[PDB]
file entry-v3.txt (compact mmCIF, C-alpha atoms)
# COMPACT_ATOMS: atom_id res chain seq x y z
CA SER C 22 -12.71 7.21 25.78
CA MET C 23 -9.81 9.55 25.50
CA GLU C 24 -7.39 6.56 26.03
CA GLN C 25 -8.91 4.61 23.01
CA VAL C 26 -8.42 7.72 20.86
CA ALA C 27 -4.73 8.19 21.86
CA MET C 28 -4.13 4.48 21.03
CA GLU C 29 -5.83 5.01 17.66
CA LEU C 30 -3.50 7.99 16.96
CA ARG C 31 -0.39 5.78 17.86
CA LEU C 32 -1.70 3.03 15.50
CA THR C 33 -2.26 5.64 12.82
CA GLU C 34 1.29 6.90 13.15
CA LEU C 35 2.72 3.34 13.24
CA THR C 36 0.75 2.76 10.07
CA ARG C 37 2.25 5.88 8.48
CA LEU C 38 5.80 4.81 9.40
CA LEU C 39 5.26 1.23 8.14
CA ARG C 40 3.90 2.66 4.86
CA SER C 41 7.21 4.49 4.27
CA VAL C 42 9.16 1.34 5.25
CA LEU C 43 7.07 -0.71 2.81
CA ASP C 44 7.81 1.78 -0.02
CA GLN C 45 11.51 1.57 0.69
CA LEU C 46 11.50 -2.29 0.80
CA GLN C 47 9.58 -2.51 -2.45
CA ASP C 48 12.01 -0.14 -4.26
CA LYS C 49 14.56 -2.93 -3.60
CA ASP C 50 12.48 -5.19 -5.90
CA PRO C 51 12.69 -3.18 -9.12
CA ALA C 52 11.69 -6.16 -11.26
CA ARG C 53 8.43 -6.48 -9.24
CA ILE C 54 8.98 -10.20 -8.68
CA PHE C 55 7.30 -9.84 -5.26
CA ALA C 56 4.65 -7.24 -6.11
CA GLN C 57 1.67 -9.58 -6.35
CA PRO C 58 0.62 -12.98 -5.12
CA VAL C 59 1.91 -16.05 -6.98
CA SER C 60 -0.86 -16.86 -9.50
CA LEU C 61 -2.76 -20.07 -8.68
CA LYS C 62 -3.89 -20.20 -12.34
CA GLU C 63 -0.25 -20.19 -13.52
CA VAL C 64 1.20 -22.21 -10.56
CA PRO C 65 -1.69 -24.52 -9.73
CA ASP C 66 0.34 -26.67 -7.22
CA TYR C 67 1.82 -23.68 -5.30
CA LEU C 68 -0.18 -24.26 -2.14
CA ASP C 69 1.12 -27.86 -1.88
CA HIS C 70 4.59 -26.26 -1.52
CA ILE C 71 4.01 -23.03 0.32
CA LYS C 72 1.53 -22.97 3.15
CA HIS C 73 1.57 -19.23 3.92
CA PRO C 74 1.99 -17.21 0.66
CA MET C 75 2.79 -13.56 0.91
CA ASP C 76 3.56 -10.59 -1.31
CA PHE C 77 3.80 -6.81 -1.20
CA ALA C 78 0.22 -6.11 -2.42
CA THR C 79 -1.22 -8.37 0.29
CA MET C 80 0.96 -6.58 2.96
CA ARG C 81 -0.23 -3.21 1.61
CA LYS C 82 -3.92 -4.27 2.01
CA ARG C 83 -3.25 -5.32 5.55
CA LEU C 84 -1.34 -2.09 6.28
CA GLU C 85 -4.14 0.19 5.03
CA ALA C 86 -6.55 -1.76 7.22
CA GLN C 87 -4.15 -0.84 10.14
CA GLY C 88 -3.76 -4.59 10.61
CA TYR C 89 -0.12 -4.35 11.77
CA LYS C 90 0.06 -3.80 15.60
CA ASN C 91 3.87 -3.60 15.80
CA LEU C 92 6.97 -3.81 13.53
CA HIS C 93 7.48 -7.53 14.52
CA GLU C 94 4.21 -8.53 12.69
CA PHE C 95 5.26 -6.53 9.60
CA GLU C 96 8.70 -8.14 9.56
CA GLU C 97 7.13 -11.57 9.83
CA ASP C 98 5.28 -10.97 6.57
CA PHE C 99 8.34 -9.49 4.86
CA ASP C 100 10.36 -12.52 5.85
CA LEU C 101 7.62 -14.84 4.42
CA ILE C 102 7.99 -13.23 1.00
CA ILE C 103 11.74 -13.97 1.07
CA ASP C 104 11.64 -17.41 2.71
CA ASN C 105 8.79 -18.77 0.48
CA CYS C 106 10.72 -17.76 -2.57
CA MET C 107 13.98 -19.38 -1.44
CA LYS C 108 12.23 -22.69 -0.82
CA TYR C 109 10.05 -22.85 -3.96
CA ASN C 110 12.75 -21.68 -6.33
CA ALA C 111 16.15 -23.28 -6.78
CA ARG C 112 19.41 -21.40 -6.05
CA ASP C 113 20.27 -20.79 -9.73
CA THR C 114 17.09 -18.86 -10.63
CA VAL C 115 16.38 -15.23 -11.16
CA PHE C 116 13.65 -15.56 -8.48
CA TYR C 117 15.91 -16.98 -5.68
CA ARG C 118 18.64 -14.41 -6.58
CA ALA C 119 16.11 -11.52 -6.36
CA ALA C 120 14.97 -12.60 -2.88
CA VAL C 121 18.57 -12.71 -1.64
CA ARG C 122 19.17 -9.16 -2.92
CA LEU C 123 15.89 -8.00 -1.29
CA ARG C 124 16.85 -9.59 2.02
CA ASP C 125 20.35 -8.03 2.08
CA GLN C 126 19.15 -4.55 0.94
CA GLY C 127 16.08 -4.57 3.19
CA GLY C 128 18.15 -5.37 6.33
CA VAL C 129 19.45 -1.79 6.35
CA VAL C 130 15.92 -0.32 6.05
CA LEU C 131 14.63 -2.62 8.81
CA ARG C 132 17.62 -1.96 11.08
CA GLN C 133 16.68 1.76 11.20
CA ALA C 134 12.94 1.24 11.42
CA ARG C 135 13.52 -0.89 14.57
CA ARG C 136 15.29 2.04 16.20
CA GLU C 137 12.61 4.65 15.03
CA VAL C 138 9.80 2.56 16.58
CA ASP C 139 11.68 2.03 19.92
CA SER C 140 12.60 5.75 19.85
CA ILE C 141 9.14 7.22 18.97
CA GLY C 142 7.39 4.58 21.18
call {"tool": "encode", "arguments": {"input": "entry-v3.txt", "output": "structure tokens"}}
result
Amino acid sequence: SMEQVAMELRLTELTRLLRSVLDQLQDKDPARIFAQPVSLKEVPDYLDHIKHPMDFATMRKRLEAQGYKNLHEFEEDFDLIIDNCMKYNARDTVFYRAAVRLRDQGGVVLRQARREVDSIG
């Protein structure tokens, strides 16, 4: 149908916007602490601590599969990255400190993406 197509073009454009957003959020992690999943070979007990792991590569895979339907779903995953890190790592670690900085610096990027998605529909 012509309706299914028009939906597919909206999803494609949402995907293109969320790709730019992702690139901006990941520039706020210059040390690449959150680039890849936590290694289960190097942290064998990780899944006893964190039930829903997340990272930027895993978000990227989902994005390119057009698996995000709206900005809320994308933000959920971003927030997992941050919140997992702040539980698993103690306050006085380079990891916890990096998540805090990502959270604070990402809030500005997310604040404008919420308006661009409402705006462009």
call {"tool": "residues_around", "arguments": {"input": "entry-v3.txt", "residues": "residue 85 (chain C)", "least_positions_apart": "6", "cutoff": "10 Å", "atoms": "all atoms listed in the file", "output": "PyMOL selection string"}}
result
chain C and resi 33+36-37+39-40
call {"tool": "residues_around", "arguments": {"input": "entry-v3.txt", "residues": "region 125-134 of chain C", "least_positions_apart": "6", "cutoff": "10 Å", "atoms": "only C-alpha atoms", "output": "MDAnalysis selection string"}}
result
chainID C and resid 38:39 41:43 45:50 92 96 99 140
call {"tool": "closest_residue", "arguments": {"input": "entry-v3.txt", "among": "C:101, C:111, C:80, C:86", "to": "residue 124 (chain C)", "atoms": "only C-alpha atoms"}}
result
C:101
call {"tool": "closest_residue", "arguments": {"input": "entry-v3.txt", "among": "C:121, C:75, C:115, C:30", "to": "residue 97 (chain C)", "atoms": "only C-alpha atoms"}}
result
C:75
call {"tool": "closest_residue", "arguments": {"input": "entry-v3.txt", "among": "C:76, C:113, C:63, C:44", "to": "residue 98 (chain C)", "atoms": "all atoms listed in the file"}}
result
C:76
call {"tool": "atom_distance", "arguments": {"input": "entry-v3.txt", "atom1": "CA of residue 79 (chain C)", "atom2": "CA of residue 91 (chain C)"}}
result
17.0 Å
call {"tool": "closest_residue", "arguments": {"input": "entry-v3.txt", "among": "C:122, C:72, C:90, C:31", "to": "residue 108 (chain C)", "atoms": "only C-alpha atoms"}}
result
C:72
call {"tool": "atom_distance", "arguments": {"input": "entry-v3.txt", "atom1": "CA of residue 32 (chain C)", "atom2": "CA of residue 123 (chain C)"}}
result
26.7 Å
call {"tool": "atom_distance", "arguments": {"input": "entry-v3.txt", "atom1": "CA of residue 54 (chain C)", "atom2": "CA of residue 116 (chain C)"}}
result
7.1 Å
call {"tool": "residues_around", "arguments": {"input": "entry-v3.txt", "residues": "region 55-62 of chain C", "least_positions_apart": "2", "cutoff": "6 Å", "atoms": "all atoms listed in the file", "output": "number ranges by chain"}}
result
C: 53, 64-65, 76-78
call {"tool": "build_atoms", "arguments": {"input": "entry-v3.txt", "residues": "region 61-72 of chain C", "atoms": "N, CA and C atoms", "output": "compact mmCIF listing (two decimals), in the frame of the given file"}}
result
# COMPACT_ATOMS: atom_id res chain seq x y z
N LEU C 61 -2.34 -18.70 -8.80
CA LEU C 61 -2.76 -20.07 -8.68
C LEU C 61 -3.24 -20.61 -10.01
N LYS C 62 -3.60 -19.74 -10.96
CA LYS C 62 -3.89 -20.20 -12.34
C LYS C 62 -2.62 -20.61 -13.01
N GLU C 63 -1.55 -19.84 -12.87
CA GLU C 63 -0.25 -20.19 -13.52
C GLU C 63 0.67 -21.17 -12.74
N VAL C 64 0.52 -21.21 -11.40
CA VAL C 64 1.20 -22.21 -10.56
C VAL C 64 0.18 -22.98 -9.75
N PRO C 65 -0.57 -23.87 -10.43
CA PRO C 65 -1.69 -24.52 -9.73
C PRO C 65 -1.30 -25.33 -8.48
N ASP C 66 -0.06 -25.79 -8.36
CA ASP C 66 0.34 -26.67 -7.22
C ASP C 66 1.02 -25.86 -6.08
N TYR C 67 0.98 -24.53 -6.20
CA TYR C 67 1.82 -23.68 -5.30
C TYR C 67 1.53 -23.95 -3.83
N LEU C 68 0.26 -24.14 -3.51
CA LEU C 68 -0.18 -24.26 -2.14
C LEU C 68 0.15 -25.63 -1.56
N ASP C 69 0.54 -26.60 -2.39
CA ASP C 69 1.12 -27.86 -1.88
C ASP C 69 2.54 -27.62 -1.40
N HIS C 70 3.22 -26.57 -1.89
CA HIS C 70 4.59 -26.26 -1.52
C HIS C 70 4.72 -25.22 -0.44
N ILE C 71 3.94 -24.16 -0.55
CA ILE C 71 4.01 -23.03 0.32
C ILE C 71 2.70 -22.87 1.02
N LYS C 72 2.76 -22.98 2.36
CA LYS C 72 1.53 -22.97 3.15
C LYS C 72 1.01 -21.59 3.54
